[PDB]
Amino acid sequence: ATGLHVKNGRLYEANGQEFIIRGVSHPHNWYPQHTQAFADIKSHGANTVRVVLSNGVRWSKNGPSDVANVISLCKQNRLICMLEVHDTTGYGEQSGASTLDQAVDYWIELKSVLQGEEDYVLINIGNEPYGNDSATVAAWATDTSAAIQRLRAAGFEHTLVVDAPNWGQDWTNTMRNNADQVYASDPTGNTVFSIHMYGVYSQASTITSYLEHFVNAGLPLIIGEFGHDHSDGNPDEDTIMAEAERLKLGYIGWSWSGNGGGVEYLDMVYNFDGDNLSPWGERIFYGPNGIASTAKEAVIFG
């Protein structure tokens, strides 16, 4: 059966209610001991958590019982669970990265824990699946279409979320200009594109151009990751959040806590303590166009 699905370029629950994602990523794979994050993220108003998983290619694989637990924690905390395979990051440039086909192999291994959860779980096939290597970026559309087709043939009916090349930032506009081909490859239409906005998006005009391209064409889109202006590259988070609100687009900030050395400024809370927000946590949850003021829980929980 289908649950979350796409119609007219937007994301809807099975009952016809539009769902506008307002959440954050949680680094589950690297911090398996911090499963209190699910409740904490909901307590600040989020309606979705993007969960970092591994297929085992680069990090330690999250097995079926672990993923079942994650899904149960999302559901008990009334959060839509967006699962993502992080090992694909930077393929073609990053040494030892997974392909999208290897991510699909892993999703198929998890089939029994995912089927029946289409109202609650979104499958983000692979994080930022290409780096900047030209020959592999050129395969983004055909590799992504192939991955979607494999999932559909394996019986998956969930809405699928697909990331862009160029480390998710699509500065070559490959996803922008070929998303129509990829969307066509999913006969169900239950595919959503996800842009990651970091340093490429320090200018408001570039942000607005990108978001409006998708809205004007009816190409479903979320801002699946974004940072703030004191961060590497200086993304304009005020514009990202304001435009997402104006255009009624989902957004997911990076990240709850636990950033490694280069991106500690992207921690929303200090050391996974939900009561200790950083300035970034305060900004994304409680500032203008923030999660607490704009987010609505998915109606499936009622």
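Counting begins at 1, following the sequence as shown.
- The PDB entry reports B-factors from which the mean C-alpha value can be compared for 210-218 and 132-140; the larger average falls on 132-140.
- As recorded in the PDB entry, 269-277 is the stretch of 269-277 and 51-59 with the greater mean C-alpha temperature factor.
- In this structure the maximum Cα B-factor among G168, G116, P187, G224 is found at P187.
- Reading the B-factor column for the CA atoms of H86, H158, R176, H228 in the entry, the top value corresponds to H228.
- When all modelled residues of the chain are sorted by CA temperature factor, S255 is found within the lowest third.
- Ranked by Cα temperature factor within the chain, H44 sits in the middle third according to the deposited record.
- For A1, the recorded CA temperature factor ranks within the highest third of the chain's modelled residues.
- Sort the modelled residues of the chain by CA B factor and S95 lands in the highest third.
- For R152, the recorded CA temperature factor ranks within the highest third of the chain's modelled residues.
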